[PDB]
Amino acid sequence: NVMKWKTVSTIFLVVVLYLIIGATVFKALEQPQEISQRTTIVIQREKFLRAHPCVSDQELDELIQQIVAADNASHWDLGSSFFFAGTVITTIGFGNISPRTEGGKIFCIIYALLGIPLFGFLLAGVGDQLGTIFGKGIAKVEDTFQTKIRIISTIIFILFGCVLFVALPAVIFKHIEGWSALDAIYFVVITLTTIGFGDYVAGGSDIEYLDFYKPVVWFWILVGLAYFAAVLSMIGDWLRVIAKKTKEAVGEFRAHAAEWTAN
């Protein structure tokens, strides 16, 4: 009985609408500075040619072409290739380093298809464990005072969760990495959400520390990822609630509009 109707259609449109709203807000937020920068870089070239007429346009385009090539590629060392494998199985894939060989690519393909499932188990376990650790913290002392206390518990969850997994590591990145108060939190979310643009990596900037920072960051990821995995899932539940509430509020409006128009 094919009553199994396509509910996806509604969601699809909401997503399409969500992208349109996004695209516009990003255009309005980034296209301005793109222009200012697009002009300041033109002012920098002309400054270069004149301040150093010793290099001509024809010798400048060669320079700029060779550096875009050098762009294509200290790396792949003892530990760099180790984090590369980290961004593969985690799917964060910052991309600051990526294979350039046909073999590295193929191996990355296989290394990922087998790596991501495996890491999922680890992350799954780490989650359940961290989910029980809070199972030793939340319900026990939160019962000191049906769905009314649940809201304080969840607030306690996200609040500390942001402190341990977002606040503190952001503060540490701010000092150690030399990032903005915002840039740090930006990195945390872009990373722990697995987005991983790669615009900010917690290990670029050739080298400053040793032996007490990258291990913490790594295990930060191992646990932070599990934390957002839970967080994102709640936001998914929240949205599911809001959807049905808005579904019933719509039938609410219609009932009155109809019950009114009948007059």
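Quick note: we count residues from 1 along the sequence shown, nothing fancier.
- According to the entry, the deposited sequence places 10 or more unmodelled residues between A73 and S74.
- Unmodelled stretch separating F145 from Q146: 4 to 9 residues (count of deposited-sequence residues without coordinates).
- A summary of the deposited B-factors shows that, of 92 to 100 and 155 to 163, the stretch with the larger mean C-alpha value is 155 to 163.
- Two stretches are in play, 202 to 210 and 221 to 229, and the higher mean C-alpha B-factor belongs to 202 to 210.
- The entry assigns its greatest Cα B factor, within the set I195, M234, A69, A28, to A69.
- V141 sits in the highest third of its chain by CA B factor, as recorded in the PDB entry.
- Per the PDB record, residue ranking by Cα B-factor puts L78 in the highest third of the chain.
- Annotation for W179: CA B-factor lies in the middle third of the chain's modelled residues.
- For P169, the recorded CA B-factor ranks within the middle third of the chain. Only modelled residues enter the ranking.
- Residue-level temperature factors show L113 in the lowest third of its chain, judged at the C-alpha atom.
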